[PDB]
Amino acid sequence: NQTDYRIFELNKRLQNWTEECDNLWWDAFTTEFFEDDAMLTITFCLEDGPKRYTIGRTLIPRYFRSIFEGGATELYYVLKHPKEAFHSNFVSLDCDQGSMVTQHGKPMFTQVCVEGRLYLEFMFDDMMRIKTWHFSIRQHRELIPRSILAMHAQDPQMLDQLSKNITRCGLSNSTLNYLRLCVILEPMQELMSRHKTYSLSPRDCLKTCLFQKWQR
C-alpha cells in the first residue's frame, strides 16, 4: 500500500517523458523519487564474469535518461509479488521477479524486457523516497512486432539483422558506456571539490588526494 504505490507513481511520471526532457526535468524526476544521498546499483553478467556498477545521487538522473538516449521511448517497472518489510526508519521492497520494460521507436519498434531482482529501500517519512536501488539482472528478452517480421519477411539480409539483439543484457550502449564512464569520473568529484576550494591544479589536487588515502 505504501512502497508498491511509489513504483506505480514512478511509472506514472515516466509516462510524461518526451524528447525535450533535459537536465532539469530528469533532476526534478530524481528529486521526487530519490534521496539526496541515494545510491543506485546495476548488476549483470555480459562476458568474462559479473559486472557491478554503483552511482550516487547526482549521477542518477542521467542513468535513467541514458535508457531513453539508447532508443527507449517508454519505461516502466513491473514488480511481481514484492516482499515488504517495515523498520523504525525505512521500508525495504524486495522483488525477485522484477521486470524492466522499455519500448523503442521507429524504425522496427522493439520491446526490451529485463528480468532481475529489484531491491529497494525507502525512507519512512512523508515523501517515501528511495535510499538504495539495486537491480541484479538475470536475463532479458527482446520482442519484435509481427508486422515488422512480415515487413522484412523475404529479405534474407534484413531478417538476420533481426536475429541480432539490440541491447547486451538489456543495457543499450548508451547506458553501459555511461555507467563505465561514471566509475572513473565519480570519485574524481573529490578532486573537483579540492579544485573549487584551494586554487590548485587538477593534477596537484590528485596528488593531494593520495594524501588522505595512504595516511589512513
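Numbers for residues come from their place in the sequence shown, where the first is 1.
Annotation for 89-97 versus 68-76: the higher mean temperature factor (C-alpha) is found in 89-97.
In this entry, 103-111 shows the higher mean Cα temperature factor of the pair 138-146 and 103-111. In this structure the maximum Cα B-factor among 180, 52, 152, 57 is found at 152. Considering 170, 156, 187, 61 together, the PDB entry gives 156 the largest C-alpha B factor. Residue 199 sits in the highest third of its chain by CA B factor, as recorded in the PDB entry. When the modelled residues of the chain are ordered by their C-alpha B factor, residue 122 lands in the middle third. Looking at the C-alpha B-factors along this chain, the one for residue 163 belongs to the highest third. Annotation for residue 45: CA B-factor lies in the highest third of the chain's modelled residues. Sort the chain's modelled residues by C-alpha temperature factor and residue 208 lands in the highest third, per the entry.
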